[PDB]
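Chains as they are written, first to last, in the numbering used here: chain S, 1 to 427; chain G, 1 to 421.
Using N, Cα and C, we set each Cβ at its ideal position, and we do this for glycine too.
Worksheet: one structure, shown below.
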Amino acid sequence: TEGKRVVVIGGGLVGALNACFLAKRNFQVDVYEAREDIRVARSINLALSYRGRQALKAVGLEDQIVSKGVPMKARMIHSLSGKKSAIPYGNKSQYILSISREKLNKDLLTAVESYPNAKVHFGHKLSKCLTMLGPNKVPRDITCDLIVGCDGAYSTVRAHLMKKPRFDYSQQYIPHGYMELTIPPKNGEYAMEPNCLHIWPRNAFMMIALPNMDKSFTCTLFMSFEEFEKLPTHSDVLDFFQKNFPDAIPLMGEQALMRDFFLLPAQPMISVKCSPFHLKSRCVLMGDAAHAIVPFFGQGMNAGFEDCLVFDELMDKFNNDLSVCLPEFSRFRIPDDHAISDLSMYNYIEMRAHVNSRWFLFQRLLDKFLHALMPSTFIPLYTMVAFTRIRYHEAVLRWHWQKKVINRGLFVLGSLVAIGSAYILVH
Amino acid sequence: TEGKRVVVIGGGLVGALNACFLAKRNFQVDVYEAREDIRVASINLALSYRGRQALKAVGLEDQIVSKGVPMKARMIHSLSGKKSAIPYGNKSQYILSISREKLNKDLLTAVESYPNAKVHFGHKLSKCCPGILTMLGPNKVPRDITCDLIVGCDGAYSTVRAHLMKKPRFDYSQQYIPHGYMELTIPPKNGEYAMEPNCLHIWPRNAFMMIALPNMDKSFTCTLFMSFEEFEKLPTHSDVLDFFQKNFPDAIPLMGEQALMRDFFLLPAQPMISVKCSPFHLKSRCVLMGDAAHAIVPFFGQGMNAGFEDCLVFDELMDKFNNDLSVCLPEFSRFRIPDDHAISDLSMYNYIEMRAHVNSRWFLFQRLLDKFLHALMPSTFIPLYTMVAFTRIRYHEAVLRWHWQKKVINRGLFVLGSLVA
Ligand SMILES: Cc1cc2nc3c(=O)[nH]c(=O)nc-3n(C[C@H](O)[C@H](O)[C@H](O)COP(=O)(O)OP(=O)(O)OC[C@H]3O[C@@H](n4cnc5c(N)ncnc54)[C@H](O)[C@@H]3O)c2cc1C
Ligand SMILES: Cc1cc2nc3c(=O)[nH]c(=O)nc-3n(C[C@H](O)[C@H](O)[C@H](O)COP(=O)(O)OP(=O)(O)OC[C@H]3O[C@@H](n4cnc5c(N)ncnc54)[C@H](O)[C@@H]3O)c2cc1C
Ligand SMILES: Cc1cnn(-c2ccc(OCc3ccccc3)c(C(=O)O)c2)c1-c1ccc(Cl)c(F)c1
Ligand SMILES: Cc1cnn(-c2ccc(OCc3ccccc3)c(C(=O)O)c2)c1-c1ccc(Cl)c(F)c1
Ligand SMILES: [Cl-]
Ligand SMILES: [Cl-]
């Protein structure tokens with residue numbers, strides 16, 4: 001109904017979005033956010049794709065968000081040799097796009113408040129369920145028909161649910177860390193091709209850069225905390241970059257590279273899985289609180305946004321019965337949120353075994369070959385996760401099946417070539 | 001050295017054992033047990049080489065071994081009534097049945113045998129730090145207390161580990177498997193053991209499994225494993241009987257025809273939880289052992305055994321490195337995590353395998369096969385159960401050797417098979 005009351009823990013990306021969806025069902029939605037309001041007072045800028053945009057569209061916020069973001073119509077792949085090689089993102093209609101964490105969070109919090117039946121309570125944190133006010137130890141919690149945990153990867157709500165029975169949970173800090181470095185404008189234009197995801201794929205080290213609107217790119221650098229150990233000196237940084245990423249040094253400030261590198265230390269990436277996502281129609285997790293995935297497919301925000309949407313579809317489908325919706329969310333969504341978590345991890349692993357200048361290209365071009373050969377039966381993985389709402393686990397199934405039929409189908413051509421050689425050679 | 005204070009959280013199997021080991025190198029050791037003294041106020045488990053070696057280290061092997069029943073073989077109850085006994089590898093090598101309780105009581109008492117040790121019953125813990133907050137006999141008496149070492153031996157649901165979990169770079173995972181477990185008892189018949197008293201008795205259905213271990217009165221205690229699902233489908237005495245008739249037909253005579261009823265409805269199926277984490281320490285002030293560090297699913301009889309080996313390996317390190325906890329805590333994590341993850345894995349593998357590929361028969365084949373090849377090549381092939389039960393081959397190496405073996409067999413006999421045919 002309308003006059004049930006729901007509290008959203010977290011005024012983040014997902015928290016805000018959810019509060020919009022819920023406000024839009026005429027719920028009374030109170031959003032509690034630890035930090036002070038970011039419009040007055042982790043990733044700097046992220047990749048927004050079909051799934052997230054479809055969630056944004058259900059609240060009539062897609063157009064606003066899309067207008068502040070720069071399109072990425074292709075990958076641009078920076079070889080060690082200096083060779084820049086550019087592969088488009090699937091079809092001509094499909095592109096991912098680069099937006100800013102904060103512009104996104106800000107517009108969303110504003111959208112939250114635009115619903116008169118919704119408040120957002122900045123400077124409120126949470127200890128048990130016990131929300132704090134402005135002054136700490138002002139424990140003035142207050143009850144609700146739904147508590148929605150959108151408190152992110154280090155989730156308080158999840159922490160309570162983890163103590164409950166038959167709750168599987170896991171948390172892995174991976175070997176690599178990330179740190180942000182910014183490419184500026186060169187004479188007031190973009191120093192690189194600005195409608196491209198820029199990748200510098202080495203194996204143990206990888207860099208990406210995503211265009212902003214002030215004509216800059218922000219780059220994240222990934223490498224094992226091991227190598228972060230090995231560059232304590234400005235000379236080392238320089239030497240490293242000269243070795244592994246030659247064309248960055250000119251692109252980035254040669255000297256600002258050193259201010260920005262040592263500005264604060266490499267960030268850890270956590271992976272948390274859990275099951276199930278809910279508790280007896282009084283409590284549910286969503287986004288990074290439910291799944292926190294290593295940032296290796298551009299899908300963490302997209303998936304958490306999609307949680308919000310999938311929920312909202314179940315609230316339509318089951319006329320707002322939380323006792324139905326909460327177990328159904330967990331049944332329907334956990335497979336997918338786990339599968340994207342796996343995809344993300346697979347990718348990260350793959351990217352340290354073998355992706356160099358060269359492999360990236362072969363892998364994608366081969367993918368493009370086979371789609372062009374046999375559409376629809378082969379759709380590349382990237383297309384499936386980035387440009388559709390095919391369920392993630394299904395996309396994994398299809399992606400395995402496809403790889404099975406490419407391997408089996410290659411074998412017979414290899415062997416028919418192998419008999420064809422000998423028969424034409426003898427006679 | 002003598003000046004150092006240590007607290008052991010939990011006065012369980014591992015906690016009490018560790019407290020001995022520590023007391024025995026002159027620490028000031030205080031054990032804090034949330035329960036009341038079980039000596040005044042898994043019922044029974046499978047002791048083996050690893051545990052016995054740790055027990056030996058502290059002068060308590062003999063005391064414990066006196067009160068247990070040797071199980072010199074497996075005894076396999078097939079659905080038809082057939083009962084095949086496969087021996088444990090060697091006449092010297094047997095596993096033995098003991099009580100959780102008697103074991104826990106003798107260790108508590110041995111802890112108290114040392115003048116520099118105290119155990120503090122009815123004391124629970126709230127919060128700790130690298131200053132801890134233990135509860136008194138009266139709830140809400142939160143007195144602080146300090147120490148040079150805090151050893152988390154507080155079990156599968158470990159308070160101390162909950163604190164480590166919050167710290168950075170700390171990997172942790174919990175998984176409750178589908179099956180729970182229930183204890184049942186085969187009494188004595190006419191004052192004697194109702195079955196061969198020196199076997200581990202196994203009834204391997206797939207979705208349902210059951211084992212039985214002798215006690216010293218002339219009974220066996222059984223554990224029944226099945227999916228919590230099936231447990232839900234047996235609410236009445238009739239259903240339990242009707243089930244037992246289907247899956248474990250020889251039991252209804254063996255077990256009290258209605259002792260079964262008393263015991264099955266005595267209290268609900270208990271869940272089995274796998275927990276894994278890394279690392280096992282926090283920078284020389286704090287260390288996890290036994291189930292706090294590794295709760296494994298109970299399908300290799302190794303849980304207590306590994307936890308006891310933890311205590312032994314810590315002692316070995318404290319010897320090697322002259323009691324430097326700055327060195328031993330990281331070295332413990334470094335040396336022991338691979339092994340303690342390995343046995344966790346072995347345990348779970350075993351448990352999945354026992355839901356698909358062991359009916360009555362595969363158990364015999366697999367074991368007999370394995371026995372054949374040991375006899376053929378006593379050094380290059382040692383069977384799995386022998387390596388875990390009867391040696392201190394490190395768990396991870398045992399899994400290596402084991403995989404290697406499986407490969408040389410698969411390759412070598414696929415060579416005989418495919419080439420000569
Ligand atoms: C390096 C990196 C790159 C990434 N790149 C991409 C990308 O390209 N594309 C993409 O889709 N995703 C990306 N992601 C994923 C994305 O950052 C997250 O998935 C997304 O922020 C999840 O939103 P959320 O609201 O669940 O968590 P958050 O956005 O972190 O929000 C959590 C909010 O809850 C608040 N909070 C925490 N605790 C409490 C409490 N006790 N009480 C009240 N409030 C609390 C916090 O203050 C915060 O505002 C990336 C992540 C990283 C780390
Ligand atoms: C069905 C089953 C069969 C098993 N069979 C075998 C087998 O055949 N062989 C084998 O080797 N192992 C077996 N195990 C494993 C064995 O039971 C455990 O390995 C062993 O009990 C772990 O010892 P521990 O001292 O770490 O944990 P526990 O023995 O559980 O000790 C934890 C202790 O700490 C106390 N405590 C907990 N929290 C606090 C707190 N906050 N403050 C103070 N005190 C606290 C608890 O009261 C308890 O006494 C089996 C387990 C199960 C469930
Ligand atoms: C932020 C964002 C948005 N999309 N992607 C992304 C991720 C992975 C991809 O596959 C890599 C691969 C191709 C072929 C073989 C193995 C791996 C592709 C792709 O297909 O272009 C695109 C990222 C991203 C994030 C971090 C790193 Cl390190 C990175 F390279 C890219
Ligand atoms: C308490 C205790 C002590 N040892 N074991 C044990 C465990 C596993 C074993 O391997 C099984 C297997 C044999 C052959 C092939 C696959 C698997 C063997 C063995 O080889 O005898 C013995 C148990 C135990 C615990 C739970 C169950 Cl369910 C169980 F059956 C026995
Ligand atoms: Cl991500
Ligand atoms: Cl066990």
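- [ ] Could you name the residues whose beta carbon sits closer than 5 Å to any heavy atom belonging to ligand 6, keeping them in chain order?
- [x] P298/G, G303/G
Open item on the list: Helix, strand or coil for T383/S? Go by DSSP, reduced to three states.
Closed with: helix
- [ ] Measure from the alpha carbon of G3/S to the alpha carbon of each residue in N18/S, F27/S, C20/S, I9/S, then state which is nearest.
- [x] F27/S
Open item on the list: Going by DSSP in three states, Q242/S sits in which element: helix, strand or coil?
Closed with: helix
Task: Assigned secondary structure, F332/G (DSSP; H/G/I helix, E/B strand, else coil) - done: helix
Task: Under 9 Å by beta carbon: chain A residues contacting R166/S - done: Looking for chain A here will not work: the only protein chains present are S and G.
Task: DSSP bridge partner residues for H201/G (one or two, in chain order) - done: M75/G, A212/G
Open item on the list: Quick check: is the beta carbon of residue 497/G nearer than 8 Å to any beta carbon in chain S?
Closed with: Any question about residue 497/G goes unanswered here, given that chain G covers just 1 to 421.
- [ ] Inspect the beta-carbon positions of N104/G and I38/G and report whether they are closer than 8 Å.
- [x] yes
Open item on the list: Using a Cβ-based criterion (distance less than 7 Å to any ligand heavy atom), does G298/S qualify as near ligand 5?
Closed with: yes
Task: Cβ pair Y176/G, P271/G closer than 8 Å - done: yes
- [ ] Could you please give the first and the last residue of the uninterrupted alpha helix (DSSP H) stretch that includes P253/G?
- [x] 251–254
Task: Residue of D106/G, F390/G, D30/G minimising C-alpha distance to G301/G - done: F390/G
Open item on the list: Does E193/S come out as helix, strand or coil in the three-state DSSP assignment?
Closed with: coil
Task: Between the CA atoms of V396/S and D321/S - distance to the nearest angstrom - done: 31 Å
Open item on the list: What would DSSP say about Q366/G, mapped onto helix, strand or coil?
Closed with: helix
- [ ] Could you spell out the range, first to last residue, of the alpha helix (DSSP H) harbouring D316/S?
- [x] 300–317
Task: 8 Å Cβ cutoff met for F360/S and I77/S - done: yes
Open item on the list: Here's the rule: buried if 16 or more other CB atoms are within 10 angstroms of the residue's CB, otherwise exposed. What is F321/G?
Closed with: exposed
Open item on the list: Following a CB-centred definition, is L200/G positioned closer than 7 Å to any heavy atom of ligand 4?
Closed with: yes
- [ ] Flag this pair as yes or no: are the beta carbons of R333/S and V310/S separated by less than 8 Å?
- [x] yes
Task: Length of the line joining the Cα atoms of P250/S and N203/S - done: 22 Å
Open item on the list: Per DSSP, what are the beta-bridge partners of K83/G in this structure?
Closed with: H77/G
Open item on the list: Please determine whether the Cβ atom of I65/S lies at a distance below 7 Å from any heavy atom of ligand 5.
Closed with: no
Task: Classification of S344/S by the beta-carbon crowding that lies within 10 angstroms, buried from 16 upward - done: buried
Task: Proximity test, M209/G beta-carbon vs ligand 4 heavy atom, cut-off 7 Å - done: yes
Open item on the list: Distance check for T220/S and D171/G, CA to CA, integer angstroms please.
Closed with: 24 Å
Task: Selection from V111/G, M387/G, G81/G, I98/G that minimises the alpha carbon distance to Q245/G - done: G81/G
- [ ] Using 7 Å as the cut-off, classify the Cβ of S344/G as near or not near the heavy atoms of ligand 2, replying yes or no.
- [x] no
TODO: Hey, could you find the ends of the beta strand (DSSP E) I9/G is sitting in?
DONE: 5–9
Open item on the list: Following a CB-centred definition, is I349/S positioned closer than 7 Å to any heavy atom of ligand 5?
Closed with: no
Open item on the list: I need the straight-line Cα distance from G155/G to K103/S, nearest angstrom please.
Closed with: 47 Å
Open item on the list: Is it buried or exposed, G177/S, if we count other Cβ atoms within 10 angstroms and call 16 or more buried?
Closed with: buried
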